[PDB]
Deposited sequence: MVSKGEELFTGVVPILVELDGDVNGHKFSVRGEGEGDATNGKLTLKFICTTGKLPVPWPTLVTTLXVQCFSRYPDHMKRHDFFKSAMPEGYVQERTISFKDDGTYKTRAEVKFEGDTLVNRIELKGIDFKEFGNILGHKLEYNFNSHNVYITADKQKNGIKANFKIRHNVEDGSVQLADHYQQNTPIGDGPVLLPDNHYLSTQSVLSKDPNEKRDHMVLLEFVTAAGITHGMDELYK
């Protein structure tokens, strides 16, 4: 599994969404460099204007590209499930607002890592921060807290995204996550740990379509056994 991620790997992302009955599609393309934990993608709304803010889709739009330190290689569920891949599900609860439910398959198709997603959003406030587009076009750094789920031969994760709001307030989005392998084979079931994630959103000044350019870094941490020799 891990050997598939040496070097730079092309990435395809496809999302079909329905938020409060507003249907939309997103296509993303780019590269991941798991040795450096680096992602670079560009996303387009293929159906017109995106009816929610781009930042609210970042977490949904490939944690197999995390850089796991050498002393933690045996806790990398995501790569261990490759190439057959895994199913990733979330509930994303926007504080004082609606909910996204997402289901994704993350897997290799040839040499390409593909993330194919269905997203359903309900109970959003028509004039709230999301459907009213009051979120700033930026992103904070976050930790993703991971635990094994032996019963499903996979993992769970929990975290809270903080979305800056135009009025200086913060919009919280609580994430609950479950991943399960697509194949029947063994996977690595990790000890508790987390992914440290950083993101930068930008625009392509030559792009006329509704879009998002994304740079992300992801690195795993939170297991310290055993790194003694690395200090000197």
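Could you please spell out the deposited residue ranges that have no C-alpha entry in the coordinates? According to the deposited record, C-alpha coordinates are absent for 1 to 4, 66, which together make up the missing parts.
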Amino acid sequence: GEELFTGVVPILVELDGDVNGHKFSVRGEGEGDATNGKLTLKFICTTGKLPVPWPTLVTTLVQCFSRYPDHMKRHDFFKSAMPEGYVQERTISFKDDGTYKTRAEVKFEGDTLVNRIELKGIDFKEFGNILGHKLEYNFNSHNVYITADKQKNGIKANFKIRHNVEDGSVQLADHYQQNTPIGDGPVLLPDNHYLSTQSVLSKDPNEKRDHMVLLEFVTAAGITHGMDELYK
From here on, numbers count along this sequence of modelled residues.
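Please work out which of 24 to 32 and 202 to 210 has the higher mean CA B-factor as recorded in the PDB entry. Per the PDB record, 202 to 210.
Mean CA temperature factor from the deposited coordinates, higher in 51 to 59 or in 178 to 186? Higher mean C-alpha B-factor in the PDB entry: 178 to 186.
If I read the C-alpha B-factors straight from the PDB entry, which of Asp76, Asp96, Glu105, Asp111 is highest? By C-alpha B-factor in the record, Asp111 ranks first.
Selection from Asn143, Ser80, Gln88, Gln151 [criterion: highest C-alpha temperature factor in the record]: Going by the entry's C-alpha B-factors, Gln151 comes out highest.
Taking the C-alpha B-factors as the PDB entry records them, is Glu216 in the lowest, middle or highest third of its chain? For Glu216, whose C-alpha B-factor we compare with every modelled residue in the chain, the answer is the middle third.
Tell me, lowest, middle or highest third: where does the Cα B factor of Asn138 rank within its chain? Tercile = highest for this residue's CA B-factor.
What third of the chain, by the recorded C-alpha B-factor, contains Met72? Highest third, going by the recorded CA B-factors of the chain.
Lowest, middle or highest third: which one holds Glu84 when the chain's residues are ordered by CA B-factor from the entry? Within its chain, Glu84 is a middle-third residue by C-alpha B-factor, going by the deposited values.
Relative C-alpha B-factor of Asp123, binned into the chain's lowest, middle or highest third: Middle third by C-alpha B-factor.
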